[PDB]
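Comments concern the structure below.
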Amino acid sequence: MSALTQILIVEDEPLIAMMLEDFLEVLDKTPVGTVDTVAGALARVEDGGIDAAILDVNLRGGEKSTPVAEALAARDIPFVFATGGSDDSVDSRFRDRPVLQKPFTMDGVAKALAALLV
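Read in order, the letters of the sequence shown are residues 79 to 196 in the numbering used here.
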């Protein structure tokens, strides 16, 4: 990490993946890619050119958690959790890291980047 202008996207549905590409182009942000799994986000960090990422908790399989996100934190490329539901559906490790709701809007995206860039 040397800036926070470049964010990777990880999502389980193409509908929200296209919303993340839309809000990053309206806020003059520099997006760098999108993947369906965190193992693909690690393969994109092996190529560099990334500073942070967004990650959904609604991943397939497992128990609403992933150990691969911590490998991104071990490669100095931070991440953020996102989910649709109550805030009690995740462990205290998700309550210590930044969190986001599933639907995006001009007010919620301004607070999402202010929670990442700070």
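Backbone N, C-alpha and C fix where the C-beta goes; we use that ideal spot for every residue, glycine too.
Proximity of residue i and residue j at Cβ, strictly below 7 Å
i: residue 110; j: residue 128; result: yes
i: residue 131; j: residue 157; result: yes
i: residue 182; j: residue 101; result: yes
DSSP state of residue i mapped onto helix, strand, coil
i: residue 158; result: strand
i: residue 128; result: coil
i: residue 134; result: strand
i: residue 123; result: helix
i: residue 202; result: Because the chain is modelled from 79 through 196, residue 202 falls outside the range shown and cannot be assessed.
i: residue 110; result: coil
Span separating the alpha-carbon of residue i from that of residue j
i: residue 106; j: residue 164; result: 31 Å
i: residue 142; j: residue 168; result: 7 Å
i: residue 197; j: residue 153; result: With the chain covering only 79 through 196, there is no way to say anything about residue 197.
i: residue 194; j: residue 82; result: 8 Å
i: residue 84; j: residue 108; result: 5 Å
i: residue 134; j: residue 124; result: 21 Å
i: residue 149; j: residue 118; result: 12 Å
i: residue 104; j: residue 137; result: 27 Å
i: residue 185; j: residue 177; result: 15 Å
Where the alpha helix (DSSP H) containing residue i begins and where it ends
i: residue 191; result: 184-194
Terminal residues of the beta strand (DSSP E) in which residue i lies
i: residue 168; result: It is not in any beta strand (DSSP E) - residue 168 carries neither H nor E in the DSSP assignment.
i: residue 93; result: Where residue 93 is concerned, there is no enclosing beta strand (DSSP E), although the alpha helix (DSSP H) it sits in stretches over 92-104.
i: residue 179; result: 177-179
i: residue 86; result: 85-88
Minimum Cβ-Cβ distance from residue i to chain B less than 7 Å
i: residue 116; result: The structure shown contains no chain B; it holds only a single protein chain.
Contact the segment 111-124 vs the segment 86-96: 3+ CB pairs below 8 Å: Output reads yes: the segment 86-96 touches the segment 111-124.
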